[PDB]
Every structure is written in structure tokens, then in C-alpha cells.
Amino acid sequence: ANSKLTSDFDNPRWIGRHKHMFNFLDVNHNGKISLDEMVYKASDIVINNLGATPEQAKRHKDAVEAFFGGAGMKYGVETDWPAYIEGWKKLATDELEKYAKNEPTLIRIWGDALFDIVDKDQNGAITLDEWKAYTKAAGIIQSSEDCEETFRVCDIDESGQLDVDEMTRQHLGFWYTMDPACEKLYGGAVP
């Protein structure tokens, strides 16, 4: 019964969750962001902060390129807020369709590529310390307390780890469907 698989695009809390992220991504307050910037940020984090090998970094870049690409972003194009949020409606729709058909989603492909870098053991799950390292390098969470709230919201495994399958589920609820069970996934960092 639990999980919510229907989009909720007219919910002001959905629009506002993505506007928060648009603003967080628009670090110089240009009112527009490009695919060039998104793939730069992605590879800067993994290579310069998280120890990615060259092959790992390239995999991660392809996943991020495809993800924001699915939201309509392109190299050499500056995407403003109205174009961004309409593109996000298309991304969320396509992702929910793939998920319902048991086909790999762009968010899962990104998770797999990131977790290969972030999980010291390369077995598809991360410790709280590893989650702190990733999110604080990206900047999506600033405080340890918000990082800890992720581990409250998510189902944590028998070793105290957040597995990529569970986090993919949580991301569908949080980014795509406004599932009430996924609120506070990023603590107070992302409304």
C-alpha cells in the first residue's frame, strides 16, 4: 500500500523543492544553469573530493549528463527557471514510467555510479560518515544533524548502511512524487 507512484506537479511543495535545488545549483545567481556547469560540479566533487578513479569519474559524469539531460538541459544552453521546472515534469514522468515497468531509472544509474566511489567496500551501500562526506562536498547538506536525519527516514540495513536500492526508492518519493513517507530525507537542508 505505502509507496506513492503518482506525480504531484501542481503541489507548491514539489515546485518549491525543485526551486530550492535550482537556486542551490545557481551558485552565482545568474537565474540560469547549464549542463556544462552540472557535469563540471559532478566531476569536481568525485575527482577532487572523493577519490574517484578515472574510470569511476567518467561513469559518474555520463550518469549526471543523462540525468539533467532527461530534464531537458544541454551543453551550451542556459536553462532558466521556467524551462527547468517544465523539463523536470518530463524527467519525473519518464522516470516513474521506467520504474513501474521495472526498467532502470536515471536516478538509479547515478546512485550506482556514485556509490561505487563513495562505498569503500563497493557493495552498493554507504555508512553515515560516507553520506556526510558526499553531501557536505556537494553542499546539498551542510550540517551533520541533517545528514543524520537521512538515516532516520530511510530503512537502514543490518550493518547500519544505506543501500542504493532503498535510497533509490526514497529519491523517487522525494524528488518525483512527494511521498509523505520521504519527507525530511535531507533533514532541514532541502524542504
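Whichever C-alpha set is largest while still superposing within 1.5 Å between the two forms counts as the rigid core. Throughout, we count residues from 1 along the sequence that is shown.
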property: Which of 150-158 and 34-42 strays further in 7 other deposited structures of this protein - Cα RMS after rigid core alignment; result: 150-158
property: Stretch with the greater mean C-alpha B-factor as recorded in the entry, comparing 150-158 against 33-41; result: 150-158
property: Mean temperature factor over C-alpha atoms, higher-scoring stretch between 166-174 and 179-187; result: 179-187
property: Entry-reported Cα temperature factor of residue 55, expressed as the chain third it lands in; result: lowest
property: Position of residue 142 among the chain's modelled residues by C-alpha B-factor, lowest, middle or highest third; result: middle
property: Ranked C-alpha temperature factor of residue 111 among modelled chain residues, by third; result: lowest
property: Ranked C-alpha temperature factor of residue 9 among modelled chain residues, by third; result: highest
property: Modelled-residue ranking by C-alpha temperature factor, third containing residue 70; result: middle
